[PDB]
Amino acid sequence: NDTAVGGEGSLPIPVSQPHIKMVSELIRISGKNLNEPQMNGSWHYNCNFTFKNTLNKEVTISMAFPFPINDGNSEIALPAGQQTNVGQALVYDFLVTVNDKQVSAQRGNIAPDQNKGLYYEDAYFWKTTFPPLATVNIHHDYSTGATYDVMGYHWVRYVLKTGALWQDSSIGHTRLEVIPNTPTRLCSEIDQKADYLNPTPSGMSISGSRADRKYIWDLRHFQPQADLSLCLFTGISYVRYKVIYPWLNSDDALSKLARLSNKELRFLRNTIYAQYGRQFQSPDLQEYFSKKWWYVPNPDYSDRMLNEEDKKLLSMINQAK
């Protein structure tokens with residue numbers, strides 16, 4: 001199991017082909033516990049949508065929120081305080097309001113439309129009545145787990161291609177905001193090799209610093225040709241998969257560790273502890289980790305935070321030299 005699947009967000013979609021256009025969206029995706037080694041991270045989605053009836057008559061349509069489920073084939077990335085099992089949605093506490101009034105959402109089946117980017121068979125359904133030429137406000141509030149994989153990546157996703165099911169090409173004014181609430185880097189800023197790691201859609205800007213580093217899109221007349229695909233590195237996951245695990249998985253680990261310069265071996269050893277926010281008194285180390293994006297000093301640091309992988313690497317360093 002390469003990926004621990006946590007769930008993702010999706011645009012609302014119509015059951016049929018109505019004369020309803022999506023004129024604006026405000027999608028806020030906020031992270032919680034993403035740097036916890038227990039992998040109990042979550043994403044909280046607050047989504048607003050503006051729809052316009054383009055017909056000068058009253059229309060009643062059924063809207064659906066599609067979602068992935070636990071099909072028992074994969075490892076699941078669970079949010080803290082949530083339980084899962086086969087057949088359950090990878091969406092938690094889904095709440096939908098129609099014109100700011102909370103409505104009953106009924107779970108049911110939906111046929112996929114892979115040509116329009118719909119790959120799910122399960123959805124939450126609700127009715128929406130539009131008076132002649134009227135606008136209807138749709139609001140979503142739900143959570144998912146935080147998808148992660150064997151490469152150390154964190155994935156935050158949102159299906160936007162399905163916007164093609166609504167009238168006209170564009171989904172109008174699209175505002176998207178990803179807020180991890182922990183220090184991050186794009187995997188395309190560290191693993192500069194692959195393009196599937198580049199954030200989609202086009203037009204992303206980076207705002208803020210440290211735990212407040214946000215990823216923002218602000219698109220007008222947006223023709224949804226790509227989904228939201230954002231691959232991130234969190235602090236502990238970067239140090240584990242890009243620094244600790246390559247040495248542990250190495251074929252000539254003791255020979256390769258002996259090949260390191262005295263500075264490289266000193267920084268490698270201390271990175272094992274810097275991972276948990278150990279405070280450094282030595283100027284060379286103090287200055288080195290001050291300049292590392294993943295390093296955050298933790299006043300509650302303890303050597304008890306070192307896991308079996310950390311201890312195996314320290315044991316290898318002891319044997320290499």
# chains A, B, ... in the order shown; residues from 1 in each chain; ligands from 1
$ select_by_dssp --residues "range 18-205 of chain A" --states "strand (DSSP E)" --output "number ranges by chain"
A: 20-32, 42-53, 59-67, 75-76, 92-98, 101-103, 106-109, 122-130, 135-145, 147-149, 154-159, 173-179, 184-186, 205
$ residues_around --residues "residue 225 in chain A" --least-positions-apart "2" --cutoff "9 Å" --atoms "only C-alpha atoms" --output "number ranges by chain"
A: 160-161, 164, 201, 222-223, 227
$ residues_around --residues "range 301-308 of chain A" --least-positions-apart "6" --cutoff "12 Å" --atoms "only C-alpha atoms" --output "PyMOL selection string"
chain A and resi 36-38+236+240+244-245+248+270-280+314-315
$ closest_atom_pairs --of "range 125-240 of chain A" --to "range 72-80 of chain A" --cutoff "10 Å" --atoms "only C-alpha atoms" --output "CSV"
residue,atom,partner,partner_atom,distance
A:143,CA,A:79,CA,8.1
A:144,CA,A:79,CA,6.7
A:145,CA,A:79,CA,4.5
A:146,CA,A:77,CA,5.8
A:147,CA,A:77,CA,5.7
A:148,CA,A:77,CA,7.2
A:149,CA,A:77,CA,9.7
$ residues_around --residues "residue 31 in chain A" --least-positions-apart "2" --cutoff "6 Å" --atoms "only C-alpha atoms" --output "PyMOL selection string"
chain A and resi 42-43+179-181
$ atom_distance --atom1 "CA of residue 48 in chain A" --atom2 "CA of residue 162 in chain A"
16.0 Å
$ residues_around --residues "range 56-61 of chain A" --least-positions-apart "5" --cutoff "6 Å" --atoms "only C-alpha atoms" --output "list in words"
residues 127, 128, 129, 130, 131, 132 and 133 of chain A
$ select_by_dssp --residues "range 174-272 of chain A" --states "alpha helix (DSSP H)" --output "PyMOL selection string"
chain A and resi 235-239+245-249+253-258+262-272
$ write_last_selection --atoms "N, CA and C atoms" --output "mmCIF file, in the first residue's frame"
data_model
loop_
_atom_site.group_PDB
_atom_site.id
_atom_site.type_symbol
_atom_site.label_atom_id
_atom_site.label_comp_id
_atom_site.auth_asym_id
_atom_site.auth_seq_id
_atom_site.Cartn_x
_atom_site.Cartn_y
_atom_site.Cartn_z
ATOM 1 N N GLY A 235 7.020 19.042 7.979
ATOM 2 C CA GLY A 235 8.304 18.960 8.673
ATOM 3 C C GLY A 235 8.858 17.568 8.922
ATOM 4 N N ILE A 236 8.180 16.789 9.778
ATOM 5 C CA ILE A 236 8.605 15.439 10.174
ATOM 6 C C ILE A 236 8.654 14.518 8.936
ATOM 7 N N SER A 237 7.634 14.577 8.037
ATOM 8 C CA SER A 237 7.603 13.728 6.841
ATOM 9 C C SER A 237 8.794 14.008 5.911
ATOM 10 N N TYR A 238 9.229 15.280 5.797
ATOM 11 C CA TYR A 238 10.381 15.609 4.970
ATOM 12 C C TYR A 238 11.639 14.946 5.539
ATOM 13 N N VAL A 239 11.901 15.146 6.838
ATOM 14 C CA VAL A 239 13.074 14.598 7.529
ATOM 15 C C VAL A 239 13.049 13.058 7.522
ATOM 16 N N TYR A 245 15.056 7.760 6.274
ATOM 17 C CA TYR A 245 14.752 6.508 5.565
ATOM 18 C C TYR A 245 15.716 6.230 4.363
ATOM 19 N N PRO A 246 16.182 7.208 3.529
ATOM 20 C CA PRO A 246 17.133 6.846 2.458
ATOM 21 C C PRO A 246 18.394 6.159 2.999
ATOM 22 N N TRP A 247 18.918 6.597 4.191
ATOM 23 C CA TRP A 247 20.079 5.991 4.859
ATOM 24 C C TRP A 247 19.756 4.610 5.397
ATOM 25 N N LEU A 248 18.537 4.427 5.930
ATOM 26 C CA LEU A 248 18.162 3.128 6.477
ATOM 27 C C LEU A 248 17.900 2.109 5.374
ATOM 28 N N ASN A 249 17.351 2.538 4.228
ATOM 29 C CA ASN A 249 17.031 1.667 3.092
ATOM 30 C C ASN A 249 18.232 1.423 2.164
ATOM 31 N N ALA A 253 24.858 1.172 3.410
ATOM 32 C CA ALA A 253 24.672 2.156 4.472
ATOM 33 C C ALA A 253 25.939 2.484 5.279
ATOM 34 N N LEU A 254 26.684 1.483 5.797
ATOM 35 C CA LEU A 254 27.876 1.767 6.619
ATOM 36 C C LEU A 254 29.020 2.360 5.798
ATOM 37 N N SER A 255 29.233 1.847 4.567
ATOM 38 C CA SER A 255 30.243 2.332 3.620
ATOM 39 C C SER A 255 29.910 3.751 3.151
ATOM 40 N N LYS A 256 28.625 4.002 2.827
ATOM 41 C CA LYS A 256 28.096 5.289 2.373
ATOM 42 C C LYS A 256 28.168 6.346 3.512
ATOM 43 N N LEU A 257 27.835 5.969 4.778
ATOM 44 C CA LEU A 257 27.909 6.897 5.923
ATOM 45 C C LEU A 257 29.369 7.317 6.214
ATOM 46 N N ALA A 258 30.331 6.380 6.054
ATOM 47 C CA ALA A 258 31.765 6.628 6.254
ATOM 48 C C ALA A 258 32.320 7.629 5.214
ATOM 49 N N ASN A 262 33.054 15.450 7.784
ATOM 50 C CA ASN A 262 32.784 15.589 9.217
ATOM 51 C C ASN A 262 31.596 16.521 9.475
ATOM 52 N N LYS A 263 31.438 17.591 8.645
ATOM 53 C CA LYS A 263 30.319 18.537 8.722
ATOM 54 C C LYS A 263 29.000 17.840 8.369
ATOM 55 N N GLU A 264 28.966 17.062 7.260
ATOM 56 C CA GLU A 264 27.771 16.345 6.790
ATOM 57 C C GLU A 264 27.283 15.329 7.816
ATOM 58 N N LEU A 265 28.212 14.551 8.423
ATOM 59 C CA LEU A 265 27.866 13.577 9.448
ATOM 60 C C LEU A 265 27.366 14.261 10.734
ATOM 61 N N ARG A 266 27.932 15.425 11.090
ATOM 62 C CA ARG A 266 27.511 16.162 12.285
ATOM 63 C C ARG A 266 26.084 16.702 12.069
ATOM 64 N N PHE A 267 25.802 17.285 10.888
ATOM 65 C CA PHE A 267 24.467 17.795 10.528
ATOM 66 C C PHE A 267 23.448 16.655 10.401
ATOM 67 N N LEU A 268 23.842 15.487 9.831
ATOM 68 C CA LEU A 268 22.948 14.329 9.696
ATOM 69 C C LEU A 268 22.492 13.813 11.050
ATOM 70 N N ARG A 269 23.442 13.654 11.995
ATOM 71 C CA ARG A 269 23.183 13.169 13.346
ATOM 72 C C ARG A 269 22.228 14.086 14.094
ATOM 73 N N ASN A 270 22.482 15.396 14.026
ATOM 74 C CA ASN A 270 21.728 16.381 14.766
ATOM 75 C C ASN A 270 20.336 16.639 14.159
ATOM 76 N N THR A 271 20.148 16.343 12.837
ATOM 77 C CA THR A 271 18.872 16.441 12.111
ATOM 78 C C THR A 271 17.869 15.408 12.704
ATOM 79 N N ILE A 272 18.399 14.269 13.213
ATOM 80 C CA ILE A 272 17.626 13.177 13.817
ATOM 81 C C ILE A 272 16.849 13.719 15.031
#
$ closest_residue --among "A:178, A:5, A:91, A:47" --to "residue 153 in chain A" --atoms "only C-alpha atoms"
A:5
$ atom_distance --atom1 "CA of residue 158 in chain A" --atom2 "CA of residue 176 in chain A"
9.6 Å
$ closest_residue --among "A:230, A:27, A:63, A:194" --to "residue 12 in chain A" --atoms "only C-alpha atoms"
A:63
$ closest_residue --among "A:234, A:97, A:70, A:16" --to "residue 111 in chain A" --atoms "only C-alpha atoms"
A:16
$ closest_atom_pairs --of "range 144-231 of chain A" --to "range 17-24 of chain A" --cutoff "7 Å" --atoms "only C-alpha atoms" --output "JSON lines"
{"residue": "A:165", "atom": "CA", "partner": "A:17", "partner_atom": "CA", "distance": 7.0}
{"residue": "A:166", "atom": "CA", "partner": "A:21", "partner_atom": "CA", "distance": 5.5}
{"residue": "A:167", "atom": "CA", "partner": "A:21", "partner_atom": "CA", "distance": 4.7}
{"residue": "A:168", "atom": "CA", "partner": "A:21", "partner_atom": "CA", "distance": 6.6}
{"residue": "A:171", "atom": "CA", "partner": "A:22", "partner_atom": "CA", "distance": 4.8}
{"residue": "A:172", "atom": "CA", "partner": "A:23", "partner_atom": "CA", "distance": 4.3}
{"residue": "A:173", "atom": "CA", "partner": "A:24", "partner_atom": "CA", "distance": 4.4}
{"residue": "A:174", "atom": "CA", "partner": "A:24", "partner_atom": "CA", "distance": 5.6}
$ closest_residue --among "A:90, A:29, A:123, A:69" --to "residue 15 in chain A" --atoms "only C-alpha atoms"
A:123
$ closest_residue --among "A:137, A:151, A:95, A:3" --to "residue 51 in chain A" --atoms "only C-alpha atoms"
A:137
$ atom_distance --atom1 "CA of residue 221 in chain A" --atom2 "CA of residue 170 in chain A"
5.3 Å
$ residues_around --residues "residue 185 in chain A" --least-positions-apart "6" --cutoff "9 Å" --atoms "only C-alpha atoms" --output "ChimeraX atom specification"
/A:213,231-235,293-294
$ closest_residue --among "A:49, A:120, A:289, A:295" --to "residue 184 in chain A" --atoms "only C-alpha atoms"
A:295
$ residues_around --residues "residue 142 in chain A" --least-positions-apart "2" --cutoff "6 Å" --atoms "only C-alpha atoms" --output "list in words"
residues 45, 92, 93 and 94 of chain A
